[PDB]
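Asker: One structure is given below, represented as structure tokens, and several questions about it will come after.
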Amino acid sequence: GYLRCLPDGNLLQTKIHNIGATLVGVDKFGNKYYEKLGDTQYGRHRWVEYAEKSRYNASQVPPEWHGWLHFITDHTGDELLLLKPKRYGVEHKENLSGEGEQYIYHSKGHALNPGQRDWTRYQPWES
Amino acid sequence: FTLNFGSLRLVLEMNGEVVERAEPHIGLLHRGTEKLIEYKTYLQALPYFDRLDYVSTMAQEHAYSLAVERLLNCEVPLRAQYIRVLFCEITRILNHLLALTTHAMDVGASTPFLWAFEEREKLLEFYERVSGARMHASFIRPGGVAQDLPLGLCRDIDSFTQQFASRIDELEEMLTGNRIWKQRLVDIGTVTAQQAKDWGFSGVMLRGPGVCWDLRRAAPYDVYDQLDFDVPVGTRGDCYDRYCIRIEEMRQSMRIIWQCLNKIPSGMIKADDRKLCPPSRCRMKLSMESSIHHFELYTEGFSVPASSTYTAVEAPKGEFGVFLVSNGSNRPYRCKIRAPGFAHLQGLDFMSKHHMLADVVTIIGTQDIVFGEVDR
Amino acid sequence: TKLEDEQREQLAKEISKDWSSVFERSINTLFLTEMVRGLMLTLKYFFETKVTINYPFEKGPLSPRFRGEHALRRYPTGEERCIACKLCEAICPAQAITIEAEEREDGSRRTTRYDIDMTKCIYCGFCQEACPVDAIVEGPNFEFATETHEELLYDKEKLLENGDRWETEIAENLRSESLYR
Amino acid sequence: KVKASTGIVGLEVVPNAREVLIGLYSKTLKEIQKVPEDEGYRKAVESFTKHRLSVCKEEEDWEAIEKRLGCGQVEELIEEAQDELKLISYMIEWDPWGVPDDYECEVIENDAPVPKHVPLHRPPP
Amino acid sequence: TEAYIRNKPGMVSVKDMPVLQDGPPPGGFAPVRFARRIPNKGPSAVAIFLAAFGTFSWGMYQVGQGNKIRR
Amino acid sequence: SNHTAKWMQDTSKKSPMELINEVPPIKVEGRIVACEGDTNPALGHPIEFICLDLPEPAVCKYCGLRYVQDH
Amino acid sequence: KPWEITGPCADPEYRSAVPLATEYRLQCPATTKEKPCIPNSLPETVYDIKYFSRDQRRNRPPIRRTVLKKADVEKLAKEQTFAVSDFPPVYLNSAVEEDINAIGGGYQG
Amino acid sequence: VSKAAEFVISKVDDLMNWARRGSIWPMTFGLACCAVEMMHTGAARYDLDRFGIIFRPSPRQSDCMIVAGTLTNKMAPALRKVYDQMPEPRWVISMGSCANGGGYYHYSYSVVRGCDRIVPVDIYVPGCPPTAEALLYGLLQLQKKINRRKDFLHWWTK
Amino acid sequence: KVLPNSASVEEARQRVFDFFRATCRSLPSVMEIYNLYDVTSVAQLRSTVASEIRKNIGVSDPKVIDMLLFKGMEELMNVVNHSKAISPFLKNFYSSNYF
Amino acid sequence: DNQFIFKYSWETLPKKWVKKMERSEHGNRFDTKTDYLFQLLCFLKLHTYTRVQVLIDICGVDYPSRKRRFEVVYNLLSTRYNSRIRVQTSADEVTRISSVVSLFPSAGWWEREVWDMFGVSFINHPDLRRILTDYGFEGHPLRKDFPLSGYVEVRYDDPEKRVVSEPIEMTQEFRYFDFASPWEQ
Ligand code: SF4
Ligand code: SF4
Ligand code: SF4
Ligand SMILES: [Zn+2]
């Protein structure tokens, strides 16, 4: 995705920064994670290309690569995928929060919930 | 005529652009902090002190913990004392940087703001590595600290101290000696030592006149009596001398940080007794008594003996004091919060007398009024 | 003001000792030496490298002991890690946690209702350190801005799914910090 | 010599500091003569005022009187003397002397220890 | 128990328990130059004044020559 | 059942009760066990000692795992 | 470069603001090459637990109260006297006007 | 209503949304202790000027109000008065916990339980304080929210 | 300016009269402050103020009288600064249980 | 520490107004009558060997059990002799106590704050308007009997086009947890 650079200018900065970088990994969502040591300042030696140039979001980074990208861990996302728990767990989902009422989270008492639960803590006689 | 400005509300009486008098209205950030502290346990009330005087976070934690330990009589280990001093001086550096750069922006100088924010981002990274969050980190607790320092923090702080000596030289070169800066600062809002004592000034605003009195030397509440630092005083109290005092305080804070890094000991991070300090996770998961004490300390609190005390520390703004009155229960009966912005904002009235509007904003910047602590 | 006048005269006499000094001072005040020096420093920083983070692709450094989004974990077997000890809201300074519970079908003590207000949580980590079983943890996630307050009002199912989603990173941070405990 | 500056911005150096102090102390003694003798305030005032008057009479140089007194800043001493005059005038204006009879005062003394790391104002050397 | 938590493979007494915390490296770090060093290596006041005066004089001479050519 | 439906409404994934019933009982030789939650005692729950004289499996009451005596 | 003529840049002991990624923060906090060991108690107070001696919170003397009457007040007033050495000491301090490079040459910190 | 007029309308709406997204001019409402973190967001590291965010001190020229800090009963009328002066295309970002639901002073006199009771807020930024990273995430979320404004289509189909 | 506590009922009465004078003189300012000219009836407002003073006669402590006057002057300053047949039992019964 | 000028005061101060004294490591304490507080502070501020010339602060404590519920505390400091002192009195709701604005000019805002929080009025204050709470606040928030959440709350009323104040109707009532142990005494 290089034509998006002209109207994006931020992907342009990313592509400029991927000149001397080394592709340290890639996730199952397509995000390509790059590292670049040497003559680089501390804060800009690890980054991601989201592989979704049109509508890339900051919440698309999976938890497996979140720590490595945020400099919490030296462990890449592959090791955390290997260590992913079994018998339970859900796939990573972005922070939609506005893409639809059927997508966003609703409380059990909210009218938009598919199943709304009453809250009275007593059972009437119910003739 | 009366001119109104509207969280800083201020009404000024003007005659010829000359400020006859200035009256601030402050309650715009009142939040019932004292009432909530009375309604909550001591540990639950520590975040309130985190929020008070938010530019200087851990100074208020230090004051509150010192008051609680005074009312409680618990010995804090040397390592905990040294890390508390280190982070208090980091807090002082942060507050001085923010005060100086906001004052410079109010004057008109815009560029040092972002350099000092790069330095502040480094220091907030230090905070976030040592504790939970960059700001309002509930790290200092009665009896010690929350957790031990992560490894490498000392080396990173040393690197920061060197680069920050360079940065302070840099900022002083740009601001100090500028003709515009001098014309903005000198002979603006001068305070005599008698006036400062009458109006209850503290910290830089009190040492600016030259009273030659500092809390860290008058009542050393830490290893401060082993750190042989310097305390600058102003020859003729005004905005320029207060700014120079703040620069010198940043330098001496770096000095104290280096000394603490050099002579930090190896030991524990909190009070030895589990009746007052929570046990570790392994201890509470392995030991029956430790589980009991963790449960009791996290449902109830430590019951301080019924007494009333006033504990004051040298916060970067000035003397920050907490007046704690207890009744033997797990909650503080009364907690009065003397912030070194409440008195300075009173001093605004006579400081910005016969001055102009730009002198008023310069005086506000010099006093460095954070409205959270004045609306405590 | 007579004292001020005589002090000014004394200072003027002091800093006008000789023609060399007065000429140097006049030239310095006339040719804007300090202004030129400030301009030179400004140009140096114009030509030096920048520290901008390039937000969406490059993100600021964090720590394993980061207080981000409240979340609930599970045991490796799959059962809820949270017993209903109610130490969360006993210590929560902002009272942002509400919990109700009853005995489960197999006699286990489990919470039948567990909600946290993210508009009332002060993100202080008191619950995550008061948990006897490491059930509630303040996860590393912090980019969960919502368009609605009702969305920001969490509950047990959302906390559990957050824990399941962020289980691996939360586990890594928990190991690293249980070392520091 | 002459003091270039007193450090305190509010205070200003006075050339005739010794003469001003002598006059203020003499007036202090003359005014405190009106206070009842039984009161401890009068005894303390006479004590320190006589001591200061004696030392400032014996020593001529202000540096010498400062060094011998140990308080320093003859300007601060003059301010203290003026405040003492004001206080004596106030205690003549209102009469606080004498116990009111059938009087009780509750002296409270607790020896509860405090840790060495709390802020306690250390005594001057 | 502290001994149980910090047990050593071959320790006999509760003392000499293993310990490793953040601290100085052997040597105690390096000095950090708390003071300020501002060198004034710029041109002297007399030098810049002479340069300005000579520049003004030679420039006025050049102005005269150019005006003569234009005339 | 009722409790699970009361705190959860997804009714599509497996509830923790079903998973913990599906994990088999743990056979142990001794009469008493030490239940810690996982391989790391510091990352599990407070230690729980369980008596195994009754023939039926005994729930740990923490991370309930149903330890059963061998013979 | 024009900025080395004068100012902080001309100083040989000048430090750049930007820290290199290869020298600032070598090991991420969650992955440290060495395992920590933080003490939580003195070695003495491990197998010798005894809290009634180190109970610093409750081991305090009781508060003492004394009701002084007029006779006692007069007795103390007559007994007491003031001397030149019994007056409170003054906490005196003064400026020195000392150079910035005077303490350790400006390096030691 | 057609398929070519619909395409033209979609292009016009895309251009309008691009302009409004790239030229956001928020105004700080900086009370309490989210304003310091906001200034950190506006600093060199997480710079806001790149995305078009510049802080306009005058409410008449501002686009969206970012309320960061605690809302007090003494200050809520001022907040509402300042909000009412903003132009009709307007948005609100409630930063922190105090401005969302009262935060750490929810059970307190003279504290508004979130700015939602005074002004209609569009996006909440949870945190206390939210990291500058998170606040810039919230601003990008505002850009995404105003990236789906079919104003021209709605005007056409009335 | 705040004054010491009144030591006499006559002094308290004089202070009450002074406060009522202040209210009466400050009444026309409230007219332009609030703008309810349709049904204000300035005379009715004066009557209501007098009725409040007359319903506060059961107090006899001069300290309480002075405190009430202080709070009334505070309220006056606030208002100047513009800061705002089925029997009774059956209606409450039909409304709610808590009455 | 530094109990020098405290003992010197008790030696030199007139005994008429010293109702009680406390010698503590938490702070030396003087408790007097409200009639003589101004004179006592004038003596301390002006005397040459007890120069507490800076007023740290003025605080209020509520004691519903006592006849005079309010306790007005004055924390003062002596920088010349480097020691802190405490002088307190007892006042009730109606009685007015003397003001020390003339002695310490900083006392004005703390006295206004005490008025705001408790209701203790002062005799010689140049002004005594509320400082911290909302305009038109009715109660005194720091009194023990005052509810934590207050009596009224504000919201935006669209028909009125203004922020109106209405009686509190808050959801998620404050949950008071009784953690007190019966063996703490
Ligand atoms: S992090 Fe603090 S405020 Fe948030 S839920 Fe936990 S205890 Fe409550
Ligand atoms: S402290 Fe842990 S086990 Fe207890 S209620 Fe909270 S999450 Fe559950
Ligand atoms: S939400 Fe937290 S950080 Fe923000 S203003 Fe409130 S207390 Fe401060
Ligand atoms: Zn178990």
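All residue names refer to the structure tokens as shown: chains lettered A, B, ... in order, residues numbered from 1 in each chain, ligands numbered from 1 in order.
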Write down, as a list in words, each residue of chain C that has any atom within 10 Å of an atom of chain J, counting only C-alpha atoms.
Answerer: residues 89, 90, 95, 96 and 98 of chain C
Asker: If we count only C-alpha atoms and set the cut-off at 12 Å, which residues sit around residue 61 of chain D, ignoring sequence neighbours fewer than 4 positions away in its own chain? Please answer as an MDAnalysis selection string.
Answerer: chainID D and resid 1:3 15:19 55:57 65:68 74
Asker: Write out, as a compact mmCIF listing (two decimals), in the first residue's frame, the residues just selected, with N, CA, C and O atoms.
Answerer:
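As written to disk, out-v1.txt reads:
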```txt
# COMPACT_ATOMS: atom_id res chain seq x y z
N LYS D 1 33.63 49.18 59.45
CA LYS D 1 33.04 49.14 58.12
C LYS D 1 31.54 49.36 58.17
O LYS D 1 30.98 49.64 59.24
N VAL D 2 30.88 49.24 57.02
CA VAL D 2 29.44 49.41 56.90
C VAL D 2 28.86 48.17 56.24
O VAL D 2 29.47 47.59 55.33
N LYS D 3 27.69 47.74 56.71
CA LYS D 3 27.04 46.57 56.16
C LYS D 3 26.47 46.90 54.78
O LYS D 3 25.58 47.76 54.66
N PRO D 15 22.81 52.94 59.99
CA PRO D 15 24.17 53.30 60.44
C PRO D 15 24.30 53.37 61.95
O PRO D 15 25.24 52.82 62.52
N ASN D 16 23.36 54.05 62.60
CA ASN D 16 23.39 54.22 64.06
C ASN D 16 22.62 53.11 64.78
O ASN D 16 21.78 53.35 65.64
N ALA D 17 22.96 51.87 64.43
CA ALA D 17 22.28 50.72 65.02
C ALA D 17 22.51 50.64 66.52
O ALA D 17 21.59 50.35 67.28
N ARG D 18 23.75 50.90 66.96
CA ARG D 18 24.05 50.82 68.39
C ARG D 18 23.27 51.86 69.18
O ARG D 18 22.70 51.55 70.23
N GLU D 19 23.23 53.10 68.68
CA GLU D 19 22.49 54.14 69.38
C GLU D 19 20.99 53.85 69.39
O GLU D 19 20.32 54.06 70.41
N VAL D 55 25.56 44.49 76.84
CA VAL D 55 26.50 44.04 75.82
C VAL D 55 26.67 45.11 74.74
O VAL D 55 27.78 45.36 74.26
N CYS D 56 25.57 45.78 74.35
CA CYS D 56 25.68 46.82 73.34
C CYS D 56 26.37 48.07 73.88
O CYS D 56 26.92 48.85 73.09
N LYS D 57 26.35 48.29 75.19
CA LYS D 57 27.13 49.38 75.77
C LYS D 57 28.61 49.04 75.82
O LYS D 57 29.46 49.89 75.50
N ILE D 65 29.02 43.49 68.62
CA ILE D 65 27.83 43.23 69.42
C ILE D 65 27.06 42.05 68.86
O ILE D 65 26.53 41.22 69.62
N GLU D 66 27.01 41.91 67.53
CA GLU D 66 26.35 40.75 66.93
C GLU D 66 27.07 39.46 67.32
O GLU D 66 26.43 38.48 67.71
N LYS D 67 28.40 39.46 67.22
CA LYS D 67 29.16 38.26 67.54
C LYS D 67 29.01 37.87 69.00
O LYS D 67 28.90 36.68 69.33
N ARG D 68 29.00 38.85 69.90
CA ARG D 68 28.91 38.53 71.32
C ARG D 68 27.50 38.11 71.71
O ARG D 68 27.32 37.18 72.51
N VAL D 74 21.63 43.20 63.78
CA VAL D 74 21.20 44.32 64.62
C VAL D 74 19.90 44.94 64.11
O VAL D 74 19.12 45.48 64.90
```
Asker: Residues of chain A within 12 Å of chain B, counting only C-alpha atoms - could you list those as a ChimeraX atom specification?
Answerer: /A:42-43,71-72
Asker: Can you write just those residues out, C-alpha atoms, as an mmCIF file, in the first residue's frame?
Answerer:
```
data_model
loop_
_atom_site.group_PDB
_atom_site.id
_atom_site.type_symbol
_atom_site.label_atom_id
_atom_site.label_comp_id
_atom_site.auth_asym_id
_atom_site.auth_seq_id
_atom_site.Cartn_x
_atom_site.Cartn_y
_atom_site.Cartn_z
ATOM 1 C CA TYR A 42 14.931 4.832 22.000
ATOM 2 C CA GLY A 43 11.277 5.677 21.463
ATOM 3 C CA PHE A 71 8.238 -2.160 25.116
ATOM 4 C CA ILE A 72 6.879 -4.069 28.113
#
```
Asker: Excluding residue 123 of chain H and residues on its chain fewer than 2 positions from it, collect all residues at most 8 Å away from it, counting only C-alpha atoms, and give them as an NGL selection string.
Answerer: (:C and (145-148)) or (:H and (92-94 or 121 or 125 or 138 or 141-142))
Asker: Would you tabulate, counting only C-alpha atoms and all ligand atoms, all residues of chain H that have an atom at most 12 Å from an atom of ligand 1, showing the closest pair of atoms and their distance in Å to one decimal, sorted by chain then ascending number, as CSV?
Answerer:
```
residue,atom,partner,partner_atom_place_in_ligand_line,distance
H:97,CA,ligand 1,3 (S),10.1
H:103,CA,ligand 1,3 (S),8.8
H:104,CA,ligand 1,3 (S),7.8
H:105,CA,ligand 1,3 (S),11.4
H:106,CA,ligand 1,3 (S),11.9
H:126,CA,ligand 1,4 (Fe),11.1
H:127,CA,ligand 1,4 (Fe),9.5
H:128,CA,ligand 1,3 (S),9.0
H:129,CA,ligand 1,3 (S),11.8
```
Asker: Near chain G, which residues of chain J fall within 6 Å when you count only C-alpha atoms, and what do they look like as number ranges by chain?
Answerer: J: 4-5, 80-82
Asker: What does the list of residues within 12 Å of ligand 4 look like if you count only C-alpha atoms and all ligand atoms, written as a PyMOL selection string?
Answerer: (chain B and resi 285) or (chain C and resi 75-77+79-83+108+133) or (chain F and resi 20+26+33-39+41+43-50+58-67)
Asker: Within 6 Å of ligand 2, counting only C-alpha atoms and all ligand atoms: which residues, as number ranges by chain?
Answerer: C: 82-88, 127, 130-136
Asker: Go through chain H residue by residue and, counting only C-alpha atoms and all ligand atoms, keep those with an atom at most 12 Å from ligand 3; for each kept residue give the shortest atom pair and its distance in Å to one decimal, ordered by chain and increasing number, as JSON lines.
Answerer:
```
{"residue": "H:29", "atom": "CA", "partner": "ligand 3", "partner_atom_place_in_ligand_line": "5 (S)", "distance": 11.1}
{"residue": "H:30", "atom": "CA", "partner": "ligand 3", "partner_atom_place_in_ligand_line": "5 (S)", "distance": 8.8}
{"residue": "H:31", "atom": "CA", "partner": "ligand 3", "partner_atom_place_in_ligand_line": "5 (S)", "distance": 6.9}
{"residue": "H:32", "atom": "CA", "partner": "ligand 3", "partner_atom_place_in_ligand_line": "5 (S)", "distance": 4.5}
{"residue": "H:33", "atom": "CA", "partner": "ligand 3", "partner_atom_place_in_ligand_line": "8 (Fe)", "distance": 3.8}
{"residue": "H:34", "atom": "CA", "partner": "ligand 3", "partner_atom_place_in_ligand_line": "4 (Fe)", "distance": 4.0}
{"residue": "H:35", "atom": "CA", "partner": "ligand 3", "partner_atom_place_in_ligand_line": "5 (S)", "distance": 7.3}
{"residue": "H:36", "atom": "CA", "partner": "ligand 3", "partner_atom_place_in_ligand_line": "3 (S)", "distance": 8.8}
{"residue": "H:37", "atom": "CA", "partner": "ligand 3", "partner_atom_place_in_ligand_line": "3 (S)", "distance": 8.0}
{"residue": "H:38", "atom": "CA", "partner": "ligand 3", "partner_atom_place_in_ligand_line": "4 (Fe)", "distance": 9.9}
{"residue": "H:67", "atom": "CA", "partner": "ligand 3", "partner_atom_place_in_ligand_line": "5 (S)", "distance": 9.7}
{"residue": "H:68", "atom": "CA", "partner": "ligand 3", "partner_atom_place_in_ligand_line": "5 (S)", "distance": 6.3}
{"residue": "H:69", "atom": "CA", "partner": "ligand 3", "partner_atom_place_in_ligand_line": "5 (S)", "distance": 3.6}
{"residue": "H:70", "atom": "CA", "partner": "ligand 3", "partner_atom_place_in_ligand_line": "5 (S)", "distance": 5.2}
{"residue": "H:71", "atom": "CA", "partner": "ligand 3", "partner_atom_place_in_ligand_line": "5 (S)", "distance": 8.8}
{"residue": "H:72", "atom": "CA", "partner": "ligand 3", "partner_atom_place_in_ligand_line": "5 (S)", "distance": 11.3}
{"residue": "H:94", "atom": "CA", "partner": "ligand 3", "partner_atom_place_in_ligand_line": "1 (S)", "distance": 9.6}
{"residue": "H:95", "atom": "CA", "partner": "ligand 3", "partner_atom_place_in_ligand_line": "4 (Fe)", "distance": 6.9}
{"residue": "H:96", "atom": "CA", "partner": "ligand 3", "partner_atom_place_in_ligand_line": "1 (S)", "distance": 3.7}
{"residue": "H:97", "atom": "CA", "partner": "ligand 3", "partner_atom_place_in_ligand_line": "1 (S)", "distance": 3.6}
{"residue": "H:98", "atom": "CA", "partner": "ligand 3", "partner_atom_place_in_ligand_line": "6 (Fe)", "distance": 4.2}
{"residue": "H:99", "atom": "CA", "partner": "ligand 3", "partner_atom_place_in_ligand_line": "1 (S)", "distance": 6.7}
{"residue": "H:100", "atom": "CA", "partner": "ligand 3", "partner_atom_place_in_ligand_line": "1 (S)", "distance": 8.0}
{"residue": "H:101", "atom": "CA", "partner": "ligand 3", "partner_atom_place_in_ligand_line": "1 (S)", "distance": 9.3}
{"residue": "H:102", "atom": "CA", "partner": "ligand 3", "partner_atom_place_in_ligand_line": "6 (Fe)", "distance": 7.8}
{"residue": "H:103", "atom": "CA", "partner": "ligand 3", "partner_atom_place_in_ligand_line": "1 (S)", "distance": 5.7}
{"residue": "H:104", "atom": "CA", "partner": "ligand 3", "partner_atom_place_in_ligand_line": "7 (S)", "distance": 6.0}
{"residue": "H:105", "atom": "CA", "partner": "ligand 3", "partner_atom_place_in_ligand_line": "7 (S)", "distance": 7.9}
{"residue": "H:106", "atom": "CA", "partner": "ligand 3", "partner_atom_place_in_ligand_line": "6 (Fe)", "distance": 10.2}
{"residue": "H:111", "atom": "CA", "partner": "ligand 3", "partner_atom_place_in_ligand_line": "6 (Fe)", "distance": 10.9}
{"residue": "H:112", "atom": "CA", "partner": "ligand 3", "partner_atom_place_in_ligand_line": "6 (Fe)", "distance": 11.7}
{"residue": "H:113", "atom": "CA", "partner": "ligand 3", "partner_atom_place_in_ligand_line": "6 (Fe)", "distance": 11.3}
{"residue": "H:114", "atom": "CA", "partner": "ligand 3", "partner_atom_place_in_ligand_line": "1 (S)", "distance": 10.1}
{"residue": "H:115", "atom": "CA", "partner": "ligand 3", "partner_atom_place_in_ligand_line": "1 (S)", "distance": 11.7}
{"residue": "H:124", "atom": "CA", "partner": "ligand 3", "partner_atom_place_in_ligand_line": "1 (S)", "distance": 11.1}
{"residue": "H:125", "atom": "CA", "partner": "ligand 3", "partner_atom_place_in_ligand_line": "1 (S)", "distance": 9.5}
{"residue": "H:126", "atom": "CA", "partner": "ligand 3", "partner_atom_place_in_ligand_line": "1 (S)", "distance": 8.0}
{"residue": "H:127", "atom": "CA", "partner": "ligand 3", "partner_atom_place_in_ligand_line": "1 (S)", "distance": 6.4}
{"residue": "H:128", "atom": "CA", "partner": "ligand 3", "partner_atom_place_in_ligand_line": "2 (Fe)", "distance": 3.6}
{"residue": "H:129", "atom": "CA", "partner": "ligand 3", "partner_atom_place_in_ligand_line": "3 (S)", "distance": 3.4}
{"residue": "H:130", "atom": "CA", "partner": "ligand 3", "partner_atom_place_in_ligand_line": "3 (S)", "distance": 7.0}
{"residue": "H:131", "atom": "CA", "partner": "ligand 3", "partner_atom_place_in_ligand_line": "3 (S)", "distance": 9.5}
{"residue": "H:132", "atom": "CA", "partner": "ligand 3", "partner_atom_place_in_ligand_line": "3 (S)", "distance": 11.4}
{"residue": "H:135", "atom": "CA", "partner": "ligand 3", "partner_atom_place_in_ligand_line": "4 (Fe)", "distance": 11.3}
```
Asker: I'd like the contact shell of residue 315 of chain B - 10 Å cut-off, only C-alpha atoms, skipping same-chain residues fewer than 2 positions apart - returned as a PyMOL selection string.
Answerer: chain B and resi 53+56-60+62-63+88-89+91-92+95+202-203+215-216+312-313+317-321+339-340
Asker: Contacts of residue 28 of chain E at 12 Å or less, counting only C-alpha atoms, minus same-chain residues fewer than 4 places along, as a list in words?
Answerer: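 The contact residues come out as residues 154, 155, 158, 258, 259, 260, 261, 262, 263, 264 and 265 of chain B; 23 and 24 of chain E; 108 of chain G.
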Asker: Would you list, as a compact mmCIF listing (two decimals) with N, CA and C atoms, in the first residue's frame, the residues of chain G that end up in helix (DSSP H, G or I) under DSSP run on this structure's backbone?
Answerer:
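Below is the file selection32.txt, written as the result:
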```
# COMPACT_ATOMS: atom_id res chain seq x y z
N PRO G 2 26.94 27.11 13.23
CA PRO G 2 26.89 28.42 13.90
C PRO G 2 26.66 28.36 15.40
N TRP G 3 26.10 27.26 15.92
CA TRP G 3 25.77 27.21 17.34
C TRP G 3 26.93 26.77 18.22
N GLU G 4 28.05 26.34 17.64
CA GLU G 4 29.24 26.04 18.43
C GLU G 4 30.11 27.27 18.68
N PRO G 8 25.85 26.81 25.22
CA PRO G 8 26.07 25.45 25.75
C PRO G 8 26.61 24.48 24.72
N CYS G 9 26.33 24.68 23.44
CA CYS G 9 26.82 23.76 22.42
C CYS G 9 28.34 23.83 22.28
N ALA G 10 28.93 25.00 22.53
CA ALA G 10 30.38 25.14 22.46
C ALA G 10 31.08 24.39 23.59
N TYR G 51 5.93 -10.39 69.11
CA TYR G 51 5.38 -9.10 68.74
C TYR G 51 5.14 -8.16 69.91
N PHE G 52 5.03 -8.67 71.14
CA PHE G 52 4.76 -7.77 72.25
C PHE G 52 5.95 -6.88 72.59
N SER G 53 7.12 -7.15 72.02
CA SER G 53 8.29 -6.31 72.22
C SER G 53 8.51 -5.30 71.10
N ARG G 54 8.11 -5.63 69.87
CA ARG G 54 8.24 -4.73 68.74
C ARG G 54 6.91 -4.13 68.32
N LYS G 70 -4.35 27.58 91.79
CA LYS G 70 -3.76 28.90 92.01
C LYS G 70 -2.52 28.81 92.89
N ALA G 71 -2.58 27.99 93.94
CA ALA G 71 -1.42 27.85 94.83
C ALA G 71 -0.22 27.29 94.08
N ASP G 72 -0.43 26.27 93.25
CA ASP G 72 0.66 25.70 92.47
C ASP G 72 1.21 26.72 91.47
N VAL G 73 0.32 27.48 90.83
CA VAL G 73 0.76 28.49 89.86
C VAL G 73 1.64 29.53 90.55
N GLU G 74 1.21 30.01 91.72
CA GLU G 74 2.01 30.99 92.44
C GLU G 74 3.33 30.40 92.90
N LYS G 75 3.32 29.13 93.34
CA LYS G 75 4.56 28.48 93.77
C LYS G 75 5.56 28.40 92.62
N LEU G 76 5.10 27.97 91.44
CA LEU G 76 6.00 27.91 90.29
C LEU G 76 6.46 29.29 89.87
N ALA G 77 5.57 30.29 89.91
CA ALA G 77 5.96 31.64 89.52
C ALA G 77 7.04 32.20 90.44
N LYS G 78 6.89 32.00 91.75
CA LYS G 78 7.90 32.49 92.69
C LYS G 78 9.20 31.70 92.56
N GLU G 79 9.10 30.39 92.36
CA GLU G 79 10.31 29.56 92.28
C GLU G 79 11.13 29.88 91.04
N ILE G 100 28.94 28.79 42.10
CA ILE G 100 28.28 27.53 41.76
C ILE G 100 29.29 26.40 41.62
N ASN G 101 30.49 26.69 41.10
CA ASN G 101 31.53 25.69 40.92
C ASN G 101 32.39 25.51 42.17
N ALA G 102 31.90 25.92 43.34
CA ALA G 102 32.71 25.84 44.55
C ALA G 102 32.62 24.47 45.22
N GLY G 104 32.85 20.83 45.11
CA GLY G 104 33.33 19.72 44.31
C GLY G 104 33.70 20.07 42.89
N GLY G 105 33.93 21.35 42.60
CA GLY G 105 34.24 21.75 41.24
C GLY G 105 33.06 21.74 40.30
N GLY G 106 31.84 21.61 40.82
CA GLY G 106 30.66 21.53 39.99
C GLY G 106 30.40 20.17 39.38
```
Asker: List the spatial neighbours of residue 56 of chain G as a list in words - criterion: any atom at most 8 Å away, only C-alpha atoms, same-chain residues fewer than 4 positions off excluded.
Answerer: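 These residues fall inside the cut-off: residues 72, 73 and 74 of chain B; 60 of chain G.
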